[PDB]
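Taking it in order: structure first as structure tokens, then the write-up.
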Amino acid sequence: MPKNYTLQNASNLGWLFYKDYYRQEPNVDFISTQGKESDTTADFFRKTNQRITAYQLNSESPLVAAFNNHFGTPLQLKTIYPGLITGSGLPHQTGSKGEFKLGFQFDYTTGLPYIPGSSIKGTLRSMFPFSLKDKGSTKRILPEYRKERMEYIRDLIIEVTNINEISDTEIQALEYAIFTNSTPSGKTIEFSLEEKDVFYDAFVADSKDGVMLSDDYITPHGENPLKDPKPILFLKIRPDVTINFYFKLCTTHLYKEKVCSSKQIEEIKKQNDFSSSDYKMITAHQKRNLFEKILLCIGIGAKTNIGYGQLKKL
Amino acid sequence: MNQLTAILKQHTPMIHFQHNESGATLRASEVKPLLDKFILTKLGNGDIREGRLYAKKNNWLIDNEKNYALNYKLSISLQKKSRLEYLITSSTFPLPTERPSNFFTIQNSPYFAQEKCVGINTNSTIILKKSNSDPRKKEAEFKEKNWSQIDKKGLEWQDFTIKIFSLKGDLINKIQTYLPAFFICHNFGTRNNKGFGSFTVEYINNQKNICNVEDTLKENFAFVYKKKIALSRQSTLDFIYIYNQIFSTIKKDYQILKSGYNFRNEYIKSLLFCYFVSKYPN
Amino acid sequence: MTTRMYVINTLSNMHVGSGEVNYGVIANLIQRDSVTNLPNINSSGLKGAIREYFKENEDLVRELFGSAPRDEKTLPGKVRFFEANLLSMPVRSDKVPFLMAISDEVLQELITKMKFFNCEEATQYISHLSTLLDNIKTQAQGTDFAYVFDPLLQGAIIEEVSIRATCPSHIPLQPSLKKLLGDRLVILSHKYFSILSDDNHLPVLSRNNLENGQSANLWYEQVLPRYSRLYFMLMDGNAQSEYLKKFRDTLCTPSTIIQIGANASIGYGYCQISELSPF
Amino acid sequence: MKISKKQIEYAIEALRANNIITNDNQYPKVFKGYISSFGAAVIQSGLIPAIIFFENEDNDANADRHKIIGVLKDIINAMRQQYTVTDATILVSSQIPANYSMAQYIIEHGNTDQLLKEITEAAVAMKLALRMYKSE
Amino acid sequence: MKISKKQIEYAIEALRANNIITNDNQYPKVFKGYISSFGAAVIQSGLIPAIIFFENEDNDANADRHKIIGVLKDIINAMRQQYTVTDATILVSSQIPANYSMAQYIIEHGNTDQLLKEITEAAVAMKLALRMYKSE
RNA sequence: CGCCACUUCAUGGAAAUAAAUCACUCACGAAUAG
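Residue numbers (the UniProt record's numbering), protein chains in the order written: chain A, 1 to 314; chain B, 1 to 282; chain C, 1 to 279; chain D, 1 to 136; chain E, 1 to 136.
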């Protein structure tokens, strides 16, 4: 019900978008071909879309406060205006006019728009060199891919932490420890429970003075420039919206070219043979800085090559 | 380098459908496909297919079999959020007296859509009204909500940023080479062919861009035709007046081309008509 | 001091994957109870997750959970972990974002389990839950029902246009029952709850695998919705009082979050465990 | 959920009847994606939206996309044909009229869970039966 | 389900026959998972869906997953041979034609109890016989 | 200068893929015989 999405007086956004969206009213038709194109159906879907994009989120919202309590301190970023699109491939269309033809990612329980942690993990890993599997259809792309990603991640690591030199093996071990929580060659490392990188679900945290959802058009003009283009309507997260990124990251210890846990690294330090030139460390703060720089560089969501889901610092 | 951070200048206002956001700027949904097409056309030395084979060999394509898309990330962001918002119509009407500073009127323009917002309708942005002293010389009034609910606004912003990201350095070098030509050749917006898309790039990677407009136009277009419009003094005042002259001249000339001009009292025949009735006079 | 009831409050989505090859839409389904077909956490998975949380305390894990798989000696586990049966499931509505959905048969199973296992604070809970059940049955008179206990939540659509809520102004919902079952509580007929909790209505999440920005795989995952409540029974064996007290204090603190199920690295299945509060 | 061999037989017969499997035991490649998309739409959006989307014949798609809805109706009719008198008192055993719109049939009969279960059964059967054939 | 040596020899011959074991006694590593997962698919999904899934040749599998269905058919056919033919015997000692796919045979011949037992035992023999070779 | 609109509203691709398929311990111990 109107603005200020709260746990007390508000309809579930996912329920409105997916379940209540295609509800049958006494005098609304979208089964026959005439009904889908009629202005009665357009008005029905316009009212539904207004209800969807008539909700605000306060900064001190109890939902976001609960998220902060559960998932630790958030990494807050802002939305540029292409908007932000997540879950675009979900099936949501009937062939009608004025309806949202693209899917959207809504949390089931809360209804707040969110980015699943899997999307964050994949986007962050995509700029790491070992995000591509050998397979055999990758063989040609694999050498160049790893090279450019190695250079990019090397400059990022030298930027964010006080390490003046890193190697390809060290980058491999760091990436595998961060994402797979293992070693590049299979076998695992005896990590502590705390020493584990978790990528929670990014959530909408603050729609300052406006709504959080907007409606946008992509109009693919066909390969025949003499035929009529297709207006496609979808739902986007509004620009200048605070998206909270929640992570559970640890400190990574790299001695020589291998990743070490804290228990192993204590004994390695206490050994009579040691080399500060071989012991590298990436603090959880520097890990968060690295992830923030990656997110600023590439962004999150769908249609990111078109620009959707790019961020600045808040 | 893996990033291209270009600063580009706005020459003519852009008609934007999503103007309700203060961050409204150039949409990369228009730039990226057109830029990909332009880049591949330049790669093949005028042929799109040869450029596609070129990008296929150098692994610059997202897909090597289906589409024309190149692998890079396009981002366009506003640096300063102040916008000069224009109303674009087809006829000339009396200007309002009460008027926000951001609001200017390009009345006689090729863009003839949304002509009804300067009517007597209650949904018109500028509601026309009879004058009391003279039962002519219509009066003008401004409705804030109607101007807020307009479908399309003509927007002009200050210098802003277009950011190009890719992990393929050679593609970035060729993008740096061809981006000024791309922006000098293409217009972006609604009715962009008539001039509501004009941009030029000033700084590419914090380096000034000495790109001759005439030479790039000569290269990428079959015919290029210059018209020196008499800039009656000014040139330091009333960019709104400059826009009015420019777009009134464009409407003049393009109405002359494919039609006549049965306006005031001077008649000049349609040159589109005169071409066909002369060549093989049937 | 022997048998205790713990409520699992899930802070995120939970996927306790069953070993199942579904050739329909959902590739990965969640575990369902062998009898009532409701979502549940197998006792083995719950024990493994809780043991993983306490792995640092070697003595506590050895005394309460048993010995490690790779050990010359094997030590029987002392504490007994029972499977976590579903108690409350959030359901999307129109008046409110989500209500806590329980069924009359779920309440009957809870009363039966409390009677059989003799939880610590079971007597008053059994009495009041029973009284609520007879009141609900007296009002329903056989027909399907959706009963809310706030007059503001009247006519609410419980995830389906067919299921509309009505407020019976004769059944009091005690504050402790509200704490146990959820804030915005709706009690449904078994037909309605089974419709809402079946494989066609549980929340599904879409995932794909990209190779250099191009999709290689695509599959759908079934998850138990966020803030869902599940109850499981803990039996103290002949365990030491000190280790048991440490285990209970760590388990029931507000700052303890336990990962149960799959997809730990992407945030699936982070839970808070709360002991049964006195009525 | 376990798909019966009888359901697969009905799916095979319906695929052959609504000219999807050719006389050479081959089918257009796009129908597998059609059926997968229908299943995803049914679980995500609902029965009414998915059936309305895939019942369309003015769709400019690469193939006759309404054929899967026809096959769905044929499978459901065959399923309802073998209903027992014990089932007929609880389930709607009536044969769905051939000319009748499937979405209209669902809407006029409410949104009962019976139709949803039948649709899901028939969709999975269509998926498996298509997997049984070759895709040229 | 005790180890049947004759079925193990049948599995060896069928694995060599359907081009799974190379001339050097090695096989693609993924086939181990195929054999292991076929039994679970049969038990918890049904025999027909599992056979259809593993018989498909339009799959995005790292190897030729359909070879295991051919090996299964060869083991079953070898078991149909050396069946004591008598009036009282339940077992049908009729060999599965090579032109028929395995999914069709169980569809057309609707006595699954024999086929289910034979397929389960043949899969166990498959898994036990695959261990004699190198897992490359 | 006066008047004024009609258009178009999803298609194509990916629909699961690999790893582990049980492991370790106990495989009889005493008593009755000699």
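Where is the CB? At the ideal position from N, CA and C, for every residue including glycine.
- With respect to chain A, the C-beta atom of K227/B has no partner C-beta closer than 8 Å.
- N28/C is outside the set of residues whose beta carbon lies under 8 Å from a beta carbon in chain D.
- Across the set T40/A, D201/A, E165/A, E223/A, the C-alpha of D201/A shows the shortest separation from the C-alpha of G301/A.
- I48/D: member of the alpha helix (DSSP H) spanning 47-55, first to last residue.
- Taking 8 Å as the cut-off between beta carbons, the residues of the region 4-32 of chain C near chain D are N22, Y23, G24, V25, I26, in sequence order.
- Shown here, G24/C sits in coil according to DSSP, grouped into three states, outside any helix or strand.
- The beta carbons of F160/B and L4/B sit about 15 Å from each other, so the pair does not count as a contact at 8 Å.
- By the neighbour-count definition (other C-beta atoms within 10 Å, threshold 16), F274/A is an exposed residue.
- Under DSSP, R32/C takes part in a beta bridge, and its partners are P39/C.
- Within the region 65-135 of chain A, the complete beta strand (DSSP E) segments at least 3 residues long are 75-79, listed from N- to C-terminus.
- In this chain, the alpha helix (DSSP H) harbouring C297/A covers 284-298.
- Beta-bridge partners assigned by DSSP to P90/C: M100/C.
- In this structure, the CA atom of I172/B is about 14 Å from the CA atom of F38/B.
- Separation of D33/C and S276/A (C-alpha to C-alpha, rounded to the nearest whole angstrom) is 55 Å.
- Scanning the region 149-233 of chain B for uninterrupted beta strand (DSSP E) segments of 3 residues or longer gives 153-157, 160-165, 199-203, listed from N- to C-terminal end.
- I102/C places its beta carbon 8 Å or farther from that of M114/C.
- Exclusion of the five residues before and after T92/B leaves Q107, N108 as the residues of its chain whose Cβ lies within less than 7 Å of its Cβ.
- Between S248/B and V277/B, the alpha-carbon positions lie close to 28 Å from each other.
- In this structure, the alpha-carbon of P97/E lies about 23 Å from that of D87/E.
- Chain-order list of chain B residues neighbouring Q76/A: empty, with the shortest C-beta distance near 18 Å, by a criterion of under 7 Å.
- Each residue's CA atom was taken as its position, placing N209/B and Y203/B some 6 Å apart.
- In the three-state DSSP reduction, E136/E falls in the coil class, being neither helix nor strand.
- The C-beta of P116/A comes no closer than 8 Å to any C-beta of chain D.
- The shortest CA-to-CA distance from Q56/A to any of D206/A, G186/A, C260/A is the one to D206/A.
- The residue among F232/C, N238/C, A264/C with its C-alpha nearest the C-alpha of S44/C is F232/C.
- For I3/D, the chain E residues whose C-beta falls within less than 9 Å of its own C-beta are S45, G46, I48, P49, listed in chain order.
- Residues of chain D whose Cβ lies closer than 8 Å to the Cβ of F54/E do not exist, since the nearest Cβ in that chain is about 10 Å away.
- Across the set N135/C, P203/C, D199/C, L230/C, the C-alpha of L230/C shows the shortest separation from the C-alpha of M5/C.
- Comparing alpha carbon positions, the residue from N85/C, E221/C, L181/C closest to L234/C is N85/C.
- Judged by DSSP secondary structure, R131/E falls outside any beta strand (DSSP E); it is assigned neither H nor E.
- With respect to the C-alpha of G14/A, the residue from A66/A, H92/A, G83/A having the closest C-alpha is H92/A.
- Proximity of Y200/A to chain C, defined by a Cβ-Cβ separation below 8 Å, is satisfied.
- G169/B places its beta carbon 8 Å or farther from that of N282/B.
- The Cβ atoms of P110/B and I250/B lie closer than 8 Å to each other.
- For the region 200-220 of chain A, the residues whose beta carbon sits under 8 Å from a beta carbon of chain C are, in order, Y200, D201.
- Chain-order list of chain D residues neighbouring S162/C: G110, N111, by C-beta distance under 8 Å.
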